[PDB]
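S.K.: I'd like to ask you about the structure that follows.
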Amino acid sequence: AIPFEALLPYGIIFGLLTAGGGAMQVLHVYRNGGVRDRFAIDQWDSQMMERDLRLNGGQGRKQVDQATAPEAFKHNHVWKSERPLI
Amino acid sequence: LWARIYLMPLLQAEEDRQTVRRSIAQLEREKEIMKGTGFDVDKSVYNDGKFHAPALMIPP
Amino acid sequence: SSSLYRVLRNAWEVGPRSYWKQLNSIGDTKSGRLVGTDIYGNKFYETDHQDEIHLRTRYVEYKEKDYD
Amino acid sequence: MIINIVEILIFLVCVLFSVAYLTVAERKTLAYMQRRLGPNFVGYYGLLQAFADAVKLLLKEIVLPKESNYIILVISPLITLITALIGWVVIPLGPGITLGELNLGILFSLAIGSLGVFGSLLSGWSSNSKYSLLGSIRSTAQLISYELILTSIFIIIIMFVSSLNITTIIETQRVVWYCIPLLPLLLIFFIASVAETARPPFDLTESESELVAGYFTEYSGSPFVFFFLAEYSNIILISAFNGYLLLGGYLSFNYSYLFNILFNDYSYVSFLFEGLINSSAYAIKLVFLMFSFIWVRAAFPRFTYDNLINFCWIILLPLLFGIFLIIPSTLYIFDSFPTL
Amino acid sequence: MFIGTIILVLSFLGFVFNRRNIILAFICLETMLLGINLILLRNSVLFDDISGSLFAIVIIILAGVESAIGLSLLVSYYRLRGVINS
Amino acid sequence: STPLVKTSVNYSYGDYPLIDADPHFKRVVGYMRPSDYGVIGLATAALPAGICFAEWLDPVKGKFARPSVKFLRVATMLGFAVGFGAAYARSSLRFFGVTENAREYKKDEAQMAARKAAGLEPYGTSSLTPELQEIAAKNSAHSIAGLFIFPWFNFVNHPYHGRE
Amino acid sequence: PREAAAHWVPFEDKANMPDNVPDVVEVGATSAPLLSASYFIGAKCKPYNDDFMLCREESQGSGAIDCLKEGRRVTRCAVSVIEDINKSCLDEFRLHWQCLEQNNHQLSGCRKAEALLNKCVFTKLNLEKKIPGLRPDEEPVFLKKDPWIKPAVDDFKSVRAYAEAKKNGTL
Amino acid sequence: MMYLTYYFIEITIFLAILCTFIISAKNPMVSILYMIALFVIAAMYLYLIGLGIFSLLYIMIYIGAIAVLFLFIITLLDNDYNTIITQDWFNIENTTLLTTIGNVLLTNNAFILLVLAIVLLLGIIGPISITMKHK
Amino acid sequence: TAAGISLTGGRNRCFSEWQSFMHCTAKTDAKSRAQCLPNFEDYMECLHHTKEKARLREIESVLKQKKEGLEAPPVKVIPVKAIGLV
Amino acid sequence: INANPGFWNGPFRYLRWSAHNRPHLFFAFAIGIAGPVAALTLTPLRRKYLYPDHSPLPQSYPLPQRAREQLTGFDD
Amino acid sequence: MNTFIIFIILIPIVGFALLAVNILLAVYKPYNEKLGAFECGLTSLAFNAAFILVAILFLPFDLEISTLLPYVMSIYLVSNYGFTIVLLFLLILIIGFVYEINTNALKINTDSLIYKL
């Protein structure tokens with residue numbers, strides 16, 4: 001027969017990893033605001049996301065598709081002031 | 001790649017506009033600080049006539 | 001037999017209270033007909049379930065928690 | 001901040017308890033392969049066995065032998081455990097679903113792995129029991145030799161992907177798992193992961209019959225807990241490396257049709273259901289690998305030092321260099337150099 | 001430039017004023033190469049130039065082979081004498 | 001096959017006209033004269049003849065003995081390598097216009113004219129991008145100068161051949 | 001340019017444009033709508049983009065200040081095409097860019113919404129999506145049927161709309 | 001919090017001075033462990049300046065191999081201004097430090113690569129030649 | 001050679017004036033070479049920012065010696081979380 | 001019993017001996033050498049018959065090789 | 001302060017906490033006989049070259065393997081050119097590996113009985 005007592009610890013491990021990953025999916029989605037995560041993001045993507053923050057008012061990954069930008073977009077430009085690499 | 005190429009001109013153009021504004025703005029700020037002193041703020045440190053966005057700010 | 005079906009069938013045959021008693025004393029789930037009782041109070045069972053190996057067809061359920 | 005904390009606690013608890021229950025699963029599986037039962041008495045169905053051993057060992061006195069560097073003897077197990085657990089920060093249970101989403105995830109895995117020989121190298125010097133010294137030198141040799149095989153298989157896989165992000169490597173495998181075109185490479189990764197973990201048959205490092213106990217002869221109490229925990233955590237972690245390099249990580253099947261039947265829009269229910277599917281796929285792959293470690297422990301006698309060194313450096317490494325030659329050749333022949 | 005320079009100079013002084021052991025000598029060699037490389041890499045970053053990092057990679061590899069050969073020399077030296085009294 | 005960088009045109013490496021600044025391996029072997037094959041044969045014979053004569057002059061173990069077949073086989077192999085290197089160098093030097101190259105010049109003119117008639121590229125089409133072609137050219141140009149040190153060849157169909 | 005290192009603070013400049021410079025509208029779409037509309041922007045504004053880049057090259061270093069005018073031209077062309085999409089094909093445009101938001105911005109995960117958006121834009125704006133540089137033998141991947149690579153979950157709304165269009169005959 | 005990341009560079013520098021404990025160690029082992037600590041500090045500094053991939057390569061090689069060899073053998077034998085960080089969009093590829101190093105090393109400097117192959121060949125032949133007694 | 005290649009495979013930070021200076025040295029001869037000393041100062045300037053640091057030194061020195069207020073559109077520093085807020 | 005027969009004495013006999021008595025080395029070498037030879041011999045066959053090589057991808061903005069053609073449209 | 005750094009910080013704290021629990025709760029009664037080193041129950045150095053040699057040859061081979069990381073991260077960009085270069089690199093290293101094999105570097109009474117009648 002199939003020894004179920006031998007499979008109980010395997011079942012415990014399997015349920016633990018499965019539940020942990022499911023809870024991590026829900027937390028990541030909740031942190032993202034209802035969309036999946038962005039993975040393998042290059043410099044281009046980081047800059048696009050910064051521009052998105054300038055456009056949607058700092059609301060994370062929220063997207064706007066209006067053709068014309070609000071007025072504050074022209075003034076909320078950011079350069080970065082980086083300390084001397086001694 | 002082709003999508004990114006098609007987006008690059010407008011994004012660049014915006015960035016050039018921001019560059020010109022912030023470079024000029026810093027020029028007037030420094031000039032205003034240097035009024036009353038015998039120093040030329042408009043003189044580039046470079047010998048070519050080319051536009052040179054500032055590097056190296058003062059710490060804020 | 002190590003099968004889960006054996007355990008489910010024994011648990012059904014024996015009732016939930018006795019299942020919990022067995023899980024708290026012996027660790028297995030055994031279903032067998034009572035044979036007798038000691039002077040001390042322990043109870044002895046025999047089983048004819050074919051899924052029981054040689055030397056597991058008689059067992060005892062001690063009367064006290066500190067069994068011996 | 002709060003969400004970060006909750007994610008880390010969930011992940012850490014799952015990993016620690018999975019390691020704890022792997023020990024019980026090993027005892028039970030070996031037991032049933034040996035016609036016996038294994039732990040079924042401490043806790044219902046022997047489910048509290050690992051915590052019983054833990055508590056006992058945490059109540060055990062620490063003995064510091066007279067000729068020993070006590071600082072090194074206590075800190076070596078600690079660093080090996082830390083690195084063994086740090087290795088988990090990059091393992092994804094779904095697309096982007098990990099504590100550390102590094103573009104250098106593979107390089108991080110290899111580096112933290114290479115930090116794994118220091119427990120063996122240091123304990124022999126710390127114990128000063130002679131059995132520990134012999135075990136320590138032989139182990140350091142074996143571990144580095146097989147780390148070479150593991151690194152070489154890593155490189156061969158990156159030849160197909162051209163990325164050091166683990167999630168990307170997993171995503172490229174929706175077309176096919178890499179264990180299909182590279183079945184021989186999968187066999188070698190198992191044989192080498194067994195050796196790199198120091199498991200039987202390749203348990204020469206801490207083999208009780210050649211050398212009593214092993215490098216740990218002198219380790220009582222929590223230091224023994226640390227070596228034990230690091231060993232089983234490393235077992236699971238290298239099974240994880242195997243999983244995402246070769247078994248497609250968290251990919252099981254195309255559940256797009258099913259989700260379109262069940263749901264009609266995105267919801268926390270559907271995100272949770274997808275998360276559970278991906279995590280279940282990855283965890284079932286981990287379970288098969290751990291079972292295989294236990295199976296191989298049950299089936300085979302040990303190697304000798306000469307035998308395993310000969311294996312790694314005369315049978316495995318030539319084959320791997322040959323594959324180094326033949327994989328890019330096949331890419332070139334069919335014009336399939338992978339893009340970034 | 002700062003961390004690398006100080007590692008270089010302190011390792012050099014450790015090497016020269018070593019009157020304790022030969023292992024200290026090996027270590028000062030390795031750490032000097034480290035400091036050289038750190039200075040190099042900072043300069044690479046400041047210039048956004050790849051030649052600096054290429055030479056850093058080459059130094060890494062050559063320091064590897066140099067360590068291998070040096071330890072082999074030390075072992076061959078030991079084989080005749082049985083003991084390193086420095 | 002459009003060049004990305006400017007090259008000299010019909011530059012004189014010597015007293016003779018330029019045929020090709022960086023000839024392709026197939027051309028260099030294809031334009032080899034019977035004298036060059038004589039050079040290859042002479043090296044192939046000379047190297048084992050050299051080892052045998054050296055044994056004659058000063059026997060390894062006092063008493064003369066003909067060198068074993070392993071060493072003679074070695075000898076032939078390496079001698080052929082030296083001969084082929086020498087012959088390749090001679091042909092390439094003809095291509096640069098350093099030695100006499102009338103025959104090679106005429107044959108090149110004819111071959112180029114035929115290729116142009118067929119509509120093909122004068123130097124062939126490359127499976128590389130132009131940047132990799134310029135890099136391959138800068139790696140293989142005048143690499144015959146280091147024949148003593150390392151062997152390097154042109155295997156890439158690039159357009160930087162220094163002609164018009 | 002390299003990304004910022006150990007310690008950096010972002011700082012904002014409060015000055016206005018110098019008043020000699022003609023003002024221009026800025027594109028307000030974000031990454032997903034922009035990536036959705038990129039092919040149409042290219043198809044329409046290719047001459048202006050090319051002119052902008054040629055100006056930047058010929059300026060030989062003063063590009064930022066000498067190439068403001070056709071930069072304004074580029075931005076205006078982009079805003080025009082985005083407005084046309086917002087007026088004519090808004091629902092399909094939203095399908096496409098929300099699908100992209102869900103699929104890590106991979107066009108391979110939004111073929112169904114992309115087919116609808118492409119048909120709408122071709123019919124109501126006379127813009128075609130096309131991949132430059134392919135020989136006639138090579139087939140554009142976004143036109144390929146039965147791809148090796150498929151999304152994890154076909155987007156629900158996009159699947160429903162696609163089946164609906166297949167019924168209506170628009171697609 | 002902000003002063004932490006600001007002085008992070010200066011902290012690695014200070015710990016490096018302190019760790020260079022290597023010279024004063026009573027036990028050469030202990031000296032080798034402090035060498036490993038110095039290498040971890042180096043990896044920390046490398047990440048800070050923007051070269052994390054180098055932090056990982058250093059961990060891989062110098063700690064993973066060179067420190068391991070060291071220990072094996074000895075068990076056996078008896079500027080106040082701030083820089084402006086600006087964006088531009090001319091880079092459409094996902095090209096990082098490793099990719100660029102591969103590109104230049106394998107095309108512009110293939111010769112350096114093959115000479116490094118010869119150097120590693122030496123690193124194999126030599127140790128065999130002097131640590132092994134033939135016949 | 002890798003000269004001119006940035007950390008991302010493009011042109012490094014200081015390429016443009018280096019290339020201008022090479023255009024000089026190509027067009028001129030040894031006698032005439034001093035003719036574009038200016039291009040070389042521009043190159044070294046891009047590399048090391050020395051006259052720029054000097055100019056910033058005089059600007060800061062005079063700024064800190066001033067008690068009168070400054071009326072010019074100022075520079076504002078914001079937290080990274082506050083990019084695009086309001 | 002079995003012993004090395006010498007490669008130079010007989011090639012195919014030595015290959016058979018190697019394949020029977022040193023399979024690890026024999027097959028390591030076979031797999032390693034099959035790569036480059038197959039590259040050289042078979043890549044042109046693939047190009048000729050199966051499918052040609054792909055068109056290169058862009059690496060940077062494709063600059064037009066022409067003069068500015070002024071322009072008229074989308075102005076102030 | 002992302003999950004990465006917090007987890008990295010958290011792990012050693014857990015290790016130290018387990019160690020401190022052991023120190024606080026366990027008894028501690030050292031005495032001379034207990035402090036002796038264990039060798040099968042009762043109180044009580046030349047090595048072979050291959051021990052040295054495995055360790056020493058690990059470093060070149062490790063460097064060879066890790067020298068292919070730039071290649072596999074840039075395979076497409078280097079095209080059929082870099083391909084050939086890395087073949088040559090690999091073959092040159094394979095030669096050293098052949099030398100190692102043939103010299104048997106890592107490896108560690110049949111006379112007849114004759115009577116003078």
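Labels used: A, B, ... for chains in the order of the structure tokens, numbers from 1 for residues in each chain, and numbers from 1 for ligands as shown.
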Residues at most 8 Å from residue G:150, counting only C-alpha atoms, excluding those fewer than 2 positions away in the same chain, as a PyMOL selection string?

M.R.: chain G and resi 108-109+147-148+152

S.K.: Let me see the file: selected residues, N, CA, C and O atoms, as an mmCIF file, in the first residue's frame.

M.R.:
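again15.cif, written as the output of this step:
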```
data_model
loop_
_atom_site.group_PDB
_atom_site.id
_atom_site.type_symbol
_atom_site.label_atom_id
_atom_site.label_comp_id
_atom_site.auth_asym_id
_atom_site.auth_seq_id
_atom_site.Cartn_x
_atom_site.Cartn_y
_atom_site.Cartn_z
ATOM 1 N N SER G 108 4.029 40.184 -26.094
ATOM 2 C CA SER G 108 3.645 38.809 -26.383
ATOM 3 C C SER G 108 2.459 38.360 -25.552
ATOM 4 O O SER G 108 1.803 37.379 -25.911
ATOM 5 N N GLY G 109 2.182 39.036 -24.447
ATOM 6 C CA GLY G 109 1.062 38.682 -23.607
ATOM 7 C C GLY G 109 -0.228 39.397 -23.906
ATOM 8 O O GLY G 109 -1.207 39.210 -23.179
ATOM 9 N N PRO G 147 2.022 30.882 -31.655
ATOM 10 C CA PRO G 147 3.397 31.148 -31.229
ATOM 11 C C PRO G 147 3.867 30.129 -30.207
ATOM 12 O O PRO G 147 3.072 29.529 -29.480
ATOM 13 N N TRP G 148 5.186 29.930 -30.163
ATOM 14 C CA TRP G 148 5.760 29.119 -29.095
ATOM 15 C C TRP G 148 5.490 29.755 -27.740
ATOM 16 O O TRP G 148 5.234 29.055 -26.755
ATOM 17 N N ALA G 152 0.848 33.677 -19.438
ATOM 18 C CA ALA G 152 0.425 32.749 -18.397
ATOM 19 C C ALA G 152 -1.088 32.636 -18.361
ATOM 20 O O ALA G 152 -1.646 31.534 -18.401
#
```

S.K.: Got a sec: who's within 12 Å of residue A:7, counting only C-alpha atoms, leaving out chain neighbours fewer than 4 positions off, as a ChimeraX atom specification?

M.R.: /A:2-3,11-15 /C:2-4 /D:21-22,24-32,45-47,287-288,291

S.K.: Write a file of the selected residues as a short mmCIF file (atom, residue, chain, number, x, y, z; two decimals), in the first residue's frame, keeping N, CA, C and O atoms.

M.R.:
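part-v4.cif, written as the output of this step:
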```cif
data_model
loop_
_atom_site.label_atom_id
_atom_site.label_comp_id
_atom_site.auth_asym_id
_atom_site.auth_seq_id
_atom_site.Cartn_x
_atom_site.Cartn_y
_atom_site.Cartn_z
N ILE A 2 0.24 2.41 -0.11
CA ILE A 2 0.94 3.68 -0.05
C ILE A 2 1.01 4.11 1.41
O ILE A 2 -0.04 4.31 2.03
N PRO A 3 2.20 4.26 1.99
CA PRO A 3 2.29 4.57 3.42
C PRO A 3 1.99 6.02 3.72
O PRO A 3 2.86 6.88 3.55
N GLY A 11 3.63 16.13 2.91
CA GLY A 11 2.44 16.96 2.77
C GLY A 11 2.55 18.25 3.56
O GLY A 11 2.10 19.30 3.11
N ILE A 12 3.16 18.19 4.75
CA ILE A 12 3.34 19.39 5.55
C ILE A 12 4.24 20.37 4.83
O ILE A 12 3.95 21.57 4.75
N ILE A 13 5.36 19.88 4.30
CA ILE A 13 6.30 20.75 3.58
C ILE A 13 5.62 21.34 2.35
O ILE A 13 5.77 22.53 2.04
N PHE A 14 4.89 20.51 1.62
CA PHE A 14 4.23 20.95 0.40
C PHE A 14 3.20 22.03 0.69
O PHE A 14 3.17 23.06 0.02
N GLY A 15 2.36 21.81 1.70
CA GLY A 15 1.40 22.82 2.09
C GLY A 15 2.06 24.09 2.58
O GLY A 15 1.59 25.19 2.29
N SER C 2 -0.04 -0.29 5.77
CA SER C 2 0.22 1.11 6.08
C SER C 2 -0.80 2.04 5.46
O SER C 2 -0.69 3.26 5.61
N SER C 3 -1.80 1.50 4.77
CA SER C 3 -2.68 2.30 3.94
C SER C 3 -3.52 3.25 4.77
O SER C 3 -3.83 3.00 5.93
N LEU C 4 -3.89 4.38 4.15
CA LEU C 4 -4.79 5.32 4.80
C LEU C 4 -6.20 4.76 4.92
O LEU C 4 -6.90 5.05 5.90
N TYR D 21 10.83 19.79 9.06
CA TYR D 21 10.06 18.62 8.69
C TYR D 21 10.75 17.76 7.65
O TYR D 21 10.36 16.61 7.46
N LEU D 22 11.77 18.28 6.97
CA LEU D 22 12.53 17.42 6.07
C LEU D 22 13.25 16.33 6.85
O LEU D 22 13.37 15.20 6.36
N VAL D 24 12.24 14.82 9.65
CA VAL D 24 11.23 13.82 9.95
C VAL D 24 10.87 13.04 8.70
O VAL D 24 10.72 11.81 8.74
N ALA D 25 10.72 13.73 7.57
CA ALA D 25 10.38 13.05 6.33
C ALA D 25 11.47 12.07 5.93
O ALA D 25 11.18 10.98 5.43
N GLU D 26 12.73 12.44 6.15
CA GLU D 26 13.83 11.52 5.87
C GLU D 26 13.74 10.28 6.73
O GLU D 26 13.85 9.15 6.23
N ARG D 27 13.56 10.46 8.03
CA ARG D 27 13.50 9.30 8.91
C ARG D 27 12.34 8.40 8.52
O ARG D 27 12.51 7.18 8.40
N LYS D 28 11.17 8.98 8.26
CA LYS D 28 10.01 8.17 7.92
C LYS D 28 10.19 7.44 6.60
O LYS D 28 9.84 6.26 6.48
N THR D 29 10.73 8.12 5.58
CA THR D 29 10.87 7.47 4.28
C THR D 29 11.89 6.35 4.33
O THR D 29 11.64 5.24 3.84
N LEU D 30 13.07 6.62 4.92
CA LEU D 30 14.04 5.55 5.11
C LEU D 30 13.43 4.40 5.88
O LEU D 30 13.68 3.23 5.57
N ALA D 31 12.62 4.72 6.88
CA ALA D 31 12.01 3.69 7.69
C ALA D 31 11.12 2.80 6.84
O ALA D 31 11.17 1.57 6.95
N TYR D 32 10.31 3.39 5.98
CA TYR D 32 9.41 2.56 5.20
C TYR D 32 10.15 1.81 4.11
O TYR D 32 9.68 0.76 3.65
N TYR D 45 1.42 11.00 15.04
CA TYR D 45 2.10 10.49 13.85
C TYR D 45 3.53 11.00 13.75
O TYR D 45 4.07 11.16 12.66
N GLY D 46 4.15 11.28 14.89
CA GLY D 46 5.53 11.71 14.90
C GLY D 46 5.78 13.04 14.24
O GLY D 46 6.85 13.25 13.67
N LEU D 47 4.81 13.95 14.31
CA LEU D 47 4.92 15.24 13.65
C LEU D 47 5.67 16.28 14.48
O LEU D 47 6.06 17.31 13.93
N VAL D 287 9.77 18.54 -3.56
CA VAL D 287 9.48 17.31 -2.83
C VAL D 287 10.04 16.10 -3.55
O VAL D 287 10.61 15.20 -2.93
N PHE D 288 9.89 16.04 -4.88
CA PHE D 288 10.49 14.92 -5.60
C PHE D 288 11.99 14.90 -5.44
O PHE D 288 12.59 13.84 -5.29
N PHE D 291 12.85 13.69 -1.87
CA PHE D 291 12.63 12.25 -1.86
C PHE D 291 13.76 11.52 -2.56
O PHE D 291 14.14 10.43 -2.14
#
```

S.K.: Give the residues of chain J that lie within 9 Å of chain F; count only C-alpha atoms, and format the answer as a ChimeraX atom specification.

M.R.: /J:8,53,56

S.K.: Kindly assemble as a tab-separated table a list of the stretch 32-58 of chain B residues that lie within 10 Å of stretch 42-60 of chain I, each paired with its nearest atom pair and their distance in Å to one decimal, using only C-alpha atoms, sorted first by chain and then by ascending residue number.

M.R.:
```
residue	atom	partner	partner_atom	distance
B:33	CA	I:59	CA	7.7
B:34	CA	I:59	CA	7.1
B:39	CA	I:58	CA	9.2
B:41	CA	I:55	CA	9.0
B:44	CA	I:52	CA	9.1
B:45	CA	I:51	CA	6.4
B:46	CA	I:42	CA	5.5
B:47	CA	I:42	CA	6.4
B:48	CA	I:42	CA	7.7
B:54	CA	I:52	CA	8.8
B:55	CA	I:52	CA	8.4
B:56	CA	I:53	CA	7.6
B:57	CA	I:56	CA	8.1
B:58	CA	I:56	CA	7.3
```

S.K.: Only N, CA, C and O atoms, please: the residues just picked out, written as a PDB file, in the first residue's frame.

M.R.:
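Everything below was put into result-v2.pdb:
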```
ATOM      1  N   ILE B  33      23.745  85.707  -7.407  1.00  0.00           N
ATOM      2  CA  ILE B  33      24.580  85.623  -6.215  1.00  0.00           C
ATOM      3  C   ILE B  33      25.860  86.429  -6.407  1.00  0.00           C
ATOM      4  O   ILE B  33      26.363  87.050  -5.462  1.00  0.00           O
ATOM      5  N   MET B  34      26.387  86.463  -7.630  1.00  0.00           N
ATOM      6  CA  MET B  34      27.664  87.096  -7.927  1.00  0.00           C
ATOM      7  C   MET B  34      27.552  88.566  -8.302  1.00  0.00           C
ATOM      8  O   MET B  34      28.567  89.169  -8.666  1.00  0.00           O
ATOM      9  N   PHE B  39      33.250  89.220 -11.175  1.00  0.00           N
ATOM     10  CA  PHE B  39      33.365  87.892 -11.759  1.00  0.00           C
ATOM     11  C   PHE B  39      32.344  87.711 -12.867  1.00  0.00           C
ATOM     12  O   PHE B  39      31.182  88.095 -12.712  1.00  0.00           O
ATOM     13  N   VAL B  41      29.958  85.344 -14.727  1.00  0.00           N
ATOM     14  CA  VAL B  41      29.285  84.065 -14.550  1.00  0.00           C
ATOM     15  C   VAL B  41      28.986  83.379 -15.879  1.00  0.00           C
ATOM     16  O   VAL B  41      28.959  82.141 -15.935  1.00  0.00           O
ATOM     17  N   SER B  44      32.015  80.268 -20.017  1.00  0.00           N
ATOM     18  CA  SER B  44      32.191  78.832 -19.892  1.00  0.00           C
ATOM     19  C   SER B  44      33.598  78.514 -19.410  1.00  0.00           C
ATOM     20  O   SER B  44      34.547  79.266 -19.650  1.00  0.00           O
ATOM     21  N   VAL B  45      33.728  77.393 -18.700  1.00  0.00           N
ATOM     22  CA  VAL B  45      35.056  76.855 -18.425  1.00  0.00           C
ATOM     23  C   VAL B  45      35.649  76.169 -19.642  1.00  0.00           C
ATOM     24  O   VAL B  45      36.861  75.946 -19.689  1.00  0.00           O
ATOM     25  N   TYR B  46      34.833  75.846 -20.634  1.00  0.00           N
ATOM     26  CA  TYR B  46      35.322  75.185 -21.829  1.00  0.00           C
ATOM     27  C   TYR B  46      35.684  76.209 -22.895  1.00  0.00           C
ATOM     28  O   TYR B  46      35.147  77.316 -22.942  1.00  0.00           O
ATOM     29  N   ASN B  47      36.613  75.820 -23.757  1.00  0.00           N
ATOM     30  CA  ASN B  47      37.065  76.715 -24.807  1.00  0.00           C
ATOM     31  C   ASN B  47      36.178  76.663 -26.040  1.00  0.00           C
ATOM     32  O   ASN B  47      36.045  77.675 -26.736  1.00  0.00           O
ATOM     33  N   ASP B  48      35.561  75.521 -26.330  1.00  0.00           N
ATOM     34  CA  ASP B  48      34.603  75.488 -27.420  1.00  0.00           C
ATOM     35  C   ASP B  48      33.366  76.299 -27.054  1.00  0.00           C
ATOM     36  O   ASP B  48      33.070  76.540 -25.882  1.00  0.00           O
ATOM     37  N   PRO B  54      25.587  71.975 -16.659  1.00  0.00           N
ATOM     38  CA  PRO B  54      26.459  71.882 -15.489  1.00  0.00           C
ATOM     39  C   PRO B  54      26.542  70.446 -15.015  1.00  0.00           C
ATOM     40  O   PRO B  54      25.600  69.666 -15.168  1.00  0.00           O
ATOM     41  N   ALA B  55      27.706  70.083 -14.508  1.00  0.00           N
ATOM     42  CA  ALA B  55      27.848  68.959 -13.607  1.00  0.00           C
ATOM     43  C   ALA B  55      28.163  69.539 -12.239  1.00  0.00           C
ATOM     44  O   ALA B  55      28.187  70.759 -12.063  1.00  0.00           O
ATOM     45  N   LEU B  56      28.383  68.667 -11.256  1.00  0.00           N
ATOM     46  CA  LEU B  56      28.991  69.133 -10.016  1.00  0.00           C
ATOM     47  C   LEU B  56      28.200  70.236  -9.323  1.00  0.00           C
ATOM     48  O   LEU B  56      28.638  71.384  -9.353  1.00  0.00           O
ATOM     49  N   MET B  57      27.028  69.957  -8.763  1.00  0.00           N
ATOM     50  CA  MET B  57      26.388  71.063  -8.067  1.00  0.00           C
ATOM     51  C   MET B  57      27.063  71.320  -6.732  1.00  0.00           C
ATOM     52  O   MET B  57      27.903  70.554  -6.261  1.00  0.00           O
ATOM     53  N   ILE B  58      26.639  72.406  -6.109  1.00  0.00           N
ATOM     54  CA  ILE B  58      26.893  72.637  -4.686  1.00  0.00           C
ATOM     55  C   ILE B  58      25.973  71.725  -3.878  1.00  0.00           C
ATOM     56  O   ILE B  58      24.821  71.503  -4.290  1.00  0.00           O
TER      57      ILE B  58
END
```

S.K.: For residue G:68, work out the shell of residues within 9 Å, counting only C-alpha atoms and skipping chain neighbours fewer than 6 positions away, then give it as a list in words.

M.R.: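 My list of contacting residues is residues 13, 16 and 17 of chain B; 21 and 52 of chain G.
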
S.K.: Among chain C, which ones does DSSP place in alpha helix (DSSP H), written as a count of residues only?

M.R.: 21

S.K.: Near stretch 81-94 of chain K, counting only C-alpha atoms, which residues have an atom at most 7 Å away, once you skip same-chain residues fewer than 5 positions from it, shown as an MDAnalysis selection string?

M.R.: (chainID D and resid 325) or (chainID H and resid 106:107 110 114 117 121)

S.K.: Any chance you could export the current selection's N, CA and C atoms as a compact mmCIF listing (two decimals), in the first residue's frame?

M.R.:
```txt
# COMPACT_ATOMS: atom_id res chain seq x y z
N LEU D 325 31.79 22.73 -25.40
CA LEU D 325 32.06 22.85 -26.83
C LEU D 325 30.81 22.61 -27.66
N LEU H 106 35.71 39.68 -25.89
CA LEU H 106 35.62 38.65 -26.91
C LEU H 106 35.71 39.19 -28.33
N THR H 107 35.56 40.49 -28.54
CA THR H 107 35.77 41.03 -29.88
C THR H 107 36.95 41.99 -29.95
N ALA H 110 40.12 40.02 -28.24
CA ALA H 110 40.21 38.57 -28.30
C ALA H 110 41.63 38.11 -28.02
N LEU H 114 42.97 35.17 -25.42
CA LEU H 114 43.75 33.98 -25.73
C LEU H 114 45.06 33.96 -24.94
N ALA H 117 44.28 32.66 -21.74
CA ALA H 117 44.20 31.21 -21.82
C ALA H 117 45.57 30.58 -21.64
N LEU H 121 46.87 28.15 -18.67
CA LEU H 121 47.60 26.94 -19.01
C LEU H 121 48.88 26.82 -18.20
```

S.K.: Near chain G, which residues of chain E fall within 12 Å when you count only C-alpha atoms, and what do they look like as a ChimeraX atom specification?

M.R.: /E:42,44-49

S.K.: Applying 6 Å and only C-alpha atoms, which residues near residue H:64 remain after dropping the ones on its own chain fewer than 2 positions away? List them as a list in words.

M.R.: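 Selected residues are residues 114 and 115 of chain D; 60, 61 and 62 of chain H.
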
S.K.: At a cut-off of 7 Å, which residues of chain D touch chain K? Count only C-alpha atoms and give the answer as a PyMOL selection string.

M.R.: chain D and resi 4+8+58-61+63-66+78+82+86+89+99-100+129+141+145+148+152+155+158-159+162-163+222+325+332+337-339

S.K.: With only C-alpha atoms considered, list every residue of chain A at most 7 Å from chain G, as number ranges by chain.

M.R.: A: 35-39, 48, 52, 55, 63-69, 75-83

S.K.: What's around residue G:123 at 12 Å? Count only C-alpha atoms, leave out sequence neighbours fewer than 6 positions away in its own chain, and write the answer as a PyMOL selection string.

M.R.: chain G and resi 85+88-89+116-117+170-171

S.K.: Output C-alpha atoms for every residue in the selection just made, as a compact mmCIF listing (two decimals), in the first residue's frame.

M.R.:
```txt
# COMPACT_ATOMS: atom_id res chain seq x y z
CA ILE G 85 -6.46 57.43 -30.39
CA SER G 88 -11.50 57.16 -31.98
CA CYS G 89 -10.37 53.90 -30.34
CA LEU G 116 -8.48 44.82 -31.92
CA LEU G 117 -6.48 48.00 -31.32
CA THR G 170 -14.95 43.07 -37.18
CA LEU G 171 -12.01 40.75 -36.54
```
